[PDB]
Amino acid sequence: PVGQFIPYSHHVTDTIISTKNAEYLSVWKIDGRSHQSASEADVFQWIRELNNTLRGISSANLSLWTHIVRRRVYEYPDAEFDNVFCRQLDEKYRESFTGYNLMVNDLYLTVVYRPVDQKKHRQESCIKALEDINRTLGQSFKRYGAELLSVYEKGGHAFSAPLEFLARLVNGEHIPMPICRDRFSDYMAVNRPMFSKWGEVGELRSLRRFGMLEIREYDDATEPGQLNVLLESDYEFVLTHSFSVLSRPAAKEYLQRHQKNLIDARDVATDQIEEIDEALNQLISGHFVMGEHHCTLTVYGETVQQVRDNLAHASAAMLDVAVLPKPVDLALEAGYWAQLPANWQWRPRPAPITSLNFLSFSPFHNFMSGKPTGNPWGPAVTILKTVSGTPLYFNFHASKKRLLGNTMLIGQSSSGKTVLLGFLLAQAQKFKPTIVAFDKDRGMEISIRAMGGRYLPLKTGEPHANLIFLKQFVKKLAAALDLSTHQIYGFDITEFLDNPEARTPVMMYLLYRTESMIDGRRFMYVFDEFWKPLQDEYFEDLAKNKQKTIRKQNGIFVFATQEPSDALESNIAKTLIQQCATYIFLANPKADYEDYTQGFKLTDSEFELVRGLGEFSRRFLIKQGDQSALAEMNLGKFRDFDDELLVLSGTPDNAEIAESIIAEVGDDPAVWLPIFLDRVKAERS
Amino acid sequence: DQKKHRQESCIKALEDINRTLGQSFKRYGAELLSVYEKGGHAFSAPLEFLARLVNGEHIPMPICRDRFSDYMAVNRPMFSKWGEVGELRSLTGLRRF
Amino acid sequence: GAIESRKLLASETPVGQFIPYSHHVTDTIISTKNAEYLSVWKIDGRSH
Amino acid sequence: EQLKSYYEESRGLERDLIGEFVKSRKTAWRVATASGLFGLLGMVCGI
Amino acid sequence: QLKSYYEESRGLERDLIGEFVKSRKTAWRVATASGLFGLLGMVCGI
Amino acid sequence: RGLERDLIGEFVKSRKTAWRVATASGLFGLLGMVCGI
């Protein structure tokens, strides 16, 4: 049947998949670096840094395949959660997304090794070859972020992660395949593609038909990335590159052969011969390896007419750059079967290409997209639009016990902090965690009262292991508490935020009940200003000590601060600042350049983007891990954004109206908001 | 080196011919198609005309290290057998000439 | 078939045989496989 | 539930497949050439 | 010491196991031809 | 199943062919001997 074309046999060492002809393989899922954020210098430096390990480990056995896949992600489930106001917000903001891209970019580089009693010892040598190759590749890809796919247990019979990607490459849809006693190529093809008799187009059944554009460029690329125009598009596709690195002796012979062939001609072109001779000279001195290369683009369209239109648009976009696609009318079968790693024979037209040109054609550049699903709490907490028209799937747990959860939001309170804080909290309600909130203002209280939990403002007139409580109480002497009542809580810090010394004792006592009540159920601590609590003598020490255990539990500290220079990154605050997983920087009209850049390790070009947002532009820079993007949760007409923005923002008049209505209603099924709806806008009008 | 001599003499003669023709066609349009660069990479305006002749549609032609002949054609021609017309198969459409 | 497609395309004749062109030797002049140098004039014709 | 002890042997299985297959090729030429010579004996005897 | 672009290309494209299968098929075919010559000799003798 | 079922599969399938060739050679040789004698 179709088992002829697929060569993989069985799984070895828990991280390599053996193959027919004894050719060990290893798959890496790479999250590309953000090309947009960085300047022009960083991209060249990244290309050269990759070339470092490429030529460093280069050998005739080595080879690499690169696949980029644009997936219409359905892994977002549109979960259900009981609150009414958050339901309104969720539904409207889902409605806002109509007509916008939901495609994501996934990049894969699969390193493959094909060597050209003592049989077992030679087998050990062969496997340790790929062992060292993977080790050096991992060390070289630390900044990029590389997850070596490996087996993962499931209910007593294992699944191998690498098989899933190689399946997706041929099946076209993510199908979980387990490790069974068979050979993998026997049954990994759940879906067999059917190609046309003449071969112009191909068909795949879920039906999605596909067509292929052959791309081959024989001269050096001007730009570090010439194919990034495709990263935004309305068509799913798979783009492939194979680099079977030739050994140097073969490279010399090929160059001499091509040089002589160009010499023997009726018309002599002095420019091309000089260029090829220069490349020959560079080969010994500029130590870049050459390998056979071929590039194929496999778009996806429901109907052949739509497929042809997508091909035409891709060709036009490519010809905007100086790359001319050659359409494939026949041998589409060979080209498509060339996609599977270790299928050397079916390559349509390999062409020896310098390593620098290969990296220029396929550098790991992709827009930020995060991980829509699989996060430790569940699906992505929320999805945010970005500039350049690509969707961003926001999740807190993104790090470099368990991944870090702490988040930093830096910006002025007026500059969109309120709406973003409220929207993120409302989305995070979908997992139903416990929330403890401290607000620099009375703004948070209306938002909290909208949710299930009732805010507990602090006002004048309303105030054995307990040895710790007594000893902390003595420290102050020197100068409905628990989570049983309801899930969510809010305690005003506006009373003691500006106070010189009243904040410390009440913070010390409150942390007791707050931490001790749940203690391992879940935690999503929120502080509007976290630099005010940290100036304590005792609180910061316990935070730094116990962050490890809190991280072990389902505990995330969503810190925040209006001014980072105000937080001044004191000696005690250093750990809290540095262990932040995801940073969201708002537009800061005033930002001390040196402290801002050096404290956050923010790149110079990223700082240029932050300044570019300037003042009073409702955009933010999200730097998760080691990549960045300019995401704006702008709220316009396509039209409830007006009202759920009106309630979300917190003002003293809104605060007093909220408290009076809550106290006076008695029983109100969040019907104060309809009262709150018009009772406010009348005053502003 | 003598092939280079033929190159140089032929280029001089052809340049002389073009200059004379341009001087003769003052009343006419008399525009000489030449290389035009766009986007950090060179392009060939004359190649576009020859492509239009051979492909039937105006396709811009970047100039690369390989020879012009190998990558000139992007449309599959299908000349009829025992017929007086032919068909070009292209992504934009099918053209019968 | 996959092997059948390969043996068919191996039989197939490329179109490059009938297109005798090569490098731009000069900015305005094109070469040829038989060293027949070429130049194209775009003429805006006279009104008749 | 020895997950990898079960494929700790698959490696040696692949090695043994390669060894048996190359050994079979060797004995294939061995038998073929023996038949060739002995059939030459028969054919020349008949001639 | 590959010393050949053509050798490297062939080594990439060639399938090892299929090569062994074809080699054994040729071996058996040649042996069959030998058996044919032997039977011809038997008939000639008879 | 898998490669192992292929391993034993050939491991005795080639037994069959080797035995068949050996029997054919034995038959031919005994034929020659008997006819000559």
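For region B:55-70: of the residues being surrounded by 18 or more Cβ atoms within 10 Å (Cβ to Cβ) and under 18 Å from C:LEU38 (Cβ atoms), which is farthest from the other protein chains (Cβ to nearest Cβ)?
Step by step, filter region B:55-70, then rank; the result is B:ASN55.
When region E:20-40 is examined, which residues are found to be surrounded by fewer than 12 Cβ atoms within 10 Å (Cβ to Cβ) and over 21 Å from F:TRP19 (Cβ atoms)?
Of everything in region E:20-40, just one residue is surrounded by fewer than 12 Cβ atoms within 10 Å (Cβ to Cβ) and over 21 Å from F:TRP19 (Cβ atoms), namely E:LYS22.
Listed residues A:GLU644, A:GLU608, A:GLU659; which is more than 30 Å from A:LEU456 (Cα to Cα) and either surrounded by fewer than 19 Cβ atoms within 10 Å (Cβ to Cβ) or within 31 Å of the chain's Cα centre (by Cα) (or both)?
A:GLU608
Could you go through region E:5-13 and let me know if any residue there is loosely packed, with under 12 Cβ neighbours inside 10 Å, more than 7 Å from every other protein chain (Cβ to nearest Cβ) and under 30 Å from A:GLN256 (Cβ atoms). Even if it seems obvious, please write down each step before you answer.
Quick first cut of region E:5-13, residues loosely packed, with under 12 Cβ neighbours inside 10 Å only: E:10.
Among the residues that remain, those that are also more than 7 Å from every other protein chain (Cβ to nearest Cβ) are: E:10.
Imposing the further condition that a residue be under 30 Å from A:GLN256 (Cβ atoms) reduces the set to E:10.
Yes - at least one qualifying residue is present in region E:5-13.
Got at least one residue in region B:3-26 being closer than 30 Å to A:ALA351 by Cα and either part of a strand (DSSP E or B) or more than 9 Å from chain C (Cβ to nearest Cβ) (or both)?
Yes, the conditions are met somewhere in region B:3-26.
Kindly provide the set of residues from region A:293-326 that are of a type in the set (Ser, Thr, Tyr) and within 7 Å of chain B (Cβ to nearest Cβ), ordered by number.
A:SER315
Among the numbered criteria (1) surrounded by 14 or more Cβ atoms within 10 Å (Cβ to Cβ); (2) closer than 19 Å to D:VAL44 by Cβ, which single criterion is violated by E:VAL43?
It fails just one condition, (1).
Restricting region C:6-28 to residues that are of a type in the set (A, V, I, L, M, F, W, C) and over 14 Å from the mean Cα position of the chain (by Cα), which is farthest from B:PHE25 (Cα to Cα)?
Residue satisfying both the conditions and the ranking: C:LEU8.
Away from chain D (no Cβ under 12 Å), of a type in the set (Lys, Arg) and either loosely packed, with under 11 Cβ neighbours inside 10 Å or under 29 Å from A:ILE175 (Cα atoms) (or both): is that true of A:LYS142 in this structure? If you could, list the steps in order and put the result at the bottom.
On the way: away from chain D (no Cβ under 12 Å): yes; of a type in the set (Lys, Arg): yes; either loosely packed, with under 11 Cβ neighbours inside 10 Å or under 29 Å from A:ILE175 (Cα atoms) (or both): yes.
Yes: the conditions hold for A:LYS142.
Looking at A:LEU148, is it under 25 Å from E:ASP15 (Cα atoms), of a type outside the set (D, E, K, R) and more than 14 Å from chain F (Cβ to nearest Cβ)?
No; evaluated as a whole, the condition is false for this residue.
Those residues that are of a type in the set (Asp, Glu) and on the phi > 0 side of the Ramachandran plot, I need them from region B:22-72; list them, please. Step through it out loud before you land on a result.
We begin by selecting, within region B:22-72, every residue of a type in the set (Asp, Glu); these are B:31, B:37, B:48, B:57, B:66, B:70.
Listed by number, the list is empty, since nothing qualifies.
Does region A:328-340 contain at least one residue that is within 14 Å of chain B (Cβ to nearest Cβ), within 39 Å of the chain's Cα centre (by Cα) and not aliphatic (A, V, I, L, M)? Reasoning before the result, please.
First pass over region A:328-340, keeping only residues within 14 Å of chain B (Cβ to nearest Cβ): A:328-332.
Of the ones still in play, those that are also within 39 Å of the chain's Cα centre (by Cα) are A:328-332.
Next cut, not aliphatic (A, V, I, L, M) only: A:329.
Yes: one or more hits.
Being facing chain C (nearest Cβ under 10 Å) and under 12 Å from the mean Cα position of the chain (by Cα) is the filter here; which residues of region B:27-50 pass it?
The answer is B:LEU33, B:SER34, B:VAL35, B:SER44, B:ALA45, B:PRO46, B:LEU47, B:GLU48, B:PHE49, B:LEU50.
Is at least one residue of region A:65-73 within 14 Å of another protein chain (Cβ to nearest Cβ), in a strand (DSSP E or B) and crowded, with 21+ Cβ neighbours inside 10 Å? Reasoning before the result, please.
Step one: of region A:65-73, the residues within 14 Å of another protein chain (Cβ to nearest Cβ) are A:65.
Those left that are additionally in a strand (DSSP E or B): A:65.
Filter once more, so that each one left must be crowded, with 21+ Cβ neighbours inside 10 Å: A:65.
Yes, region A:65-73 has at least one match.
Which residue is nearest to the other protein chains (Cβ to nearest Cβ), if the candidates are limited to region A:160-181 and must be charged (D, E, K, R) and assigned to a loop (DSSP other than H, G, I, E, B)?
Within region A:160-181, the subset charged (D, E, K, R) is A:164, A:168, A:173, A:181.
Within this subset, residues satisfying the condition of being assigned to a loop (DSSP other than H, G, I, E, B) are A:173, A:181.
Details: A:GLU173: 23, A:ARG181: 5 Å.
Only one residue tops the list, namely A:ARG181.
Check region A:534-544 and report whether any residue there is in contact with a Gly (Cβ under 7 Å, 6 or more places away or on another chain) and either aromatic (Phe, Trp, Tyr) or surrounded by fewer than 21 Cβ atoms within 10 Å (Cβ to Cβ) (or both).
Looking through region A:534-544, none of the residues is in contact with a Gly (Cβ under 7 Å, 6 or more places away or on another chain) and either aromatic (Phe, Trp, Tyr) or surrounded by fewer than 21 Cβ atoms within 10 Å (Cβ to Cβ) (or both).
Kindly evaluate A:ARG619 against the criterion of being surrounded by 19 or more Cβ atoms within 10 Å (Cβ to Cβ) and not aliphatic (A, V, I, L, M). Step through it out loud before you land on a result.
Details: surrounded by 19 or more Cβ atoms within 10 Å (Cβ to Cβ): yes; not aliphatic (A, V, I, L, M): yes.
For A:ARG619, the condition - surrounded by 19 or more Cβ atoms within 10 Å (Cβ to Cβ) and not aliphatic (A, V, I, L, M) - is met.
Can you name every one of the strands (runs of 3 or more DSSP E) wholly within region A:182-284 that holds 3 or more residues which are crowded, with 16+ Cβ neighbours inside 10 Å and of a type outside the set (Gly, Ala, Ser)?
By residue number, A:208-215, A:237-245.
Please go through region C:31-41 and pick out each residue that is more than 10 Å from chain A (Cβ to nearest Cβ) and either β-branched (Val, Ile, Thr) or within 30 Å of A:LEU332 (Cβ to Cβ) (or both). Before the answer, list the steps.
Filtering region C:31-41 for residues more than 10 Å from chain A (Cβ to nearest Cβ) gives C:38-41.
Scanning region C:31-41 gives a single hit, C:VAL40.
Can you find a residue in region E:11-27 that is touching an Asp or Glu at 6+ places or on another chain (Cβ under 8 Å) and either closer than 13 Å to D:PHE38 by Cα or in a helix (DSSP H, G or I) (or both)?
yes
Among the numbered criteria (1) over 33 Å from the mean Cα position of the chain (by Cα); (2) within 18 Å of A:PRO652 (Cβ to Cβ); (3) assigned to a strand (DSSP E or B), which single criterion is violated by A:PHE491?
The number of the failed condition is (2).
Cβ sites come from the backbone with ideal geometry, for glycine too, and all protein chains shown count toward neighbours. Taken together, the values in this text are just the output of simple stated rules run on the coordinates, not laboratory data.
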